[PDB]
């Protein structure tokens, strides 16, 4: 994939092109079980040091089970309810009588198994930890008599190792009110996640996509606590299904565009708004305004469409003609005599104003470019850093082609006397009507 960039001198904005989409549009739920031991406290006149270590680890196991129980007695509402109704439907199905027995029977001989629940959902279940078998076979002979049997020291170490995953899963589920994201290796080991991906009802390119980007998959997944019932701890892992794949995506970068008069109080400014990620999606454009909601890897963007707005494809014409009548290109006009810079995919936009010292350097050649007052741009070819005032930024050294599209700054087309300055959420046509209305009060006068 070839990454290219285009700087528009007329609007002080840049577009980084050539990116491929992977937008989340669906969910795949899966049940993760941990087999627990329904045991009660036994005291057996025990004092041997190995028995003490075992009972200590057993009390940490009992407190972990009761803590998970108080999590299902009262579950605090979360801000994620608009994205977890699928996993929640699976957890509500699990509360029916006989359904946990159903997954418990299917996982009697194997760790993984497909189970058709009583709500029409054919989920993939697995058993990642078996504490009922371990406690009842290796531990119960110790606390289960008049005097305690002595366990070997290997059992003490193996049980602290096995019980550890229960304690960390209980910690993540406890602090997050039963809904965690991202999904940690405690909730699902990388081996278990990759094995779950291979067994999903998805295409082979989608298994290769999710398997090569497991950390992004984890960051776009949810782990939801279901129930502790009948010696079973069940929780749902909700994994993303990327319904939009390989559609063009581009990132818009914007910076203030002011006039450069030498007398303060006579300058006006404008800045394009709605900078962020754009991806073609189903005849429209999916826009991602928050900056961290889209993870980038090698020219592929992984977004969740729940963090998007749906815009007409004509929004791209703000990049080709900001004065274009098919879409009303949005701007803001607060004045700004302060310098700033934006590091793009293949270069840097610099808005230099006032007395600020703006420059672009190469590590071994020194200063190779000095920006004048106004908005300018430099590619990463031969440039390592950009300095604005007392701040030094690093330019991304990724390969690609930049194109400097020369053009007159549109802020110069505006009469300062009637310019509407201080517009927070405006548009090109909004500014033009405010100019026609301020010009009519002078036309009559």
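Numbering follows the first chain given and starts at 1.
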| property | result |
| --- | --- |
| Between 376 to 384 and 27 to 35 (mean CA B-factor, as deposited), the higher | 27 to 35 |
| Between the two ranges 347 to 355 and 263 to 271, the one averaging a larger CA B factor in the entry | 263 to 271 |
| Residue of maximum C-alpha B factor among 246, 314, 154, 136, per deposited coordinates | 136 |
| Identity of residue with top Cα B-factor, from 291, 329, 236, 202 | 291 |
| Assigned third (lowest, middle, highest) for the C-alpha B factor of residue 49 | middle |
| Assigned third (lowest, middle, highest) for the C-alpha B factor of residue 166 | middle |
| Among modelled residues of the same chain, the CA temperature factor third for residue 140 | highest |
| Third assignment of residue 10 from its chain's C-alpha B-factors | lowest |
| Assigned third (lowest, middle, highest) for the C-alpha B factor of residue 403 | middle |
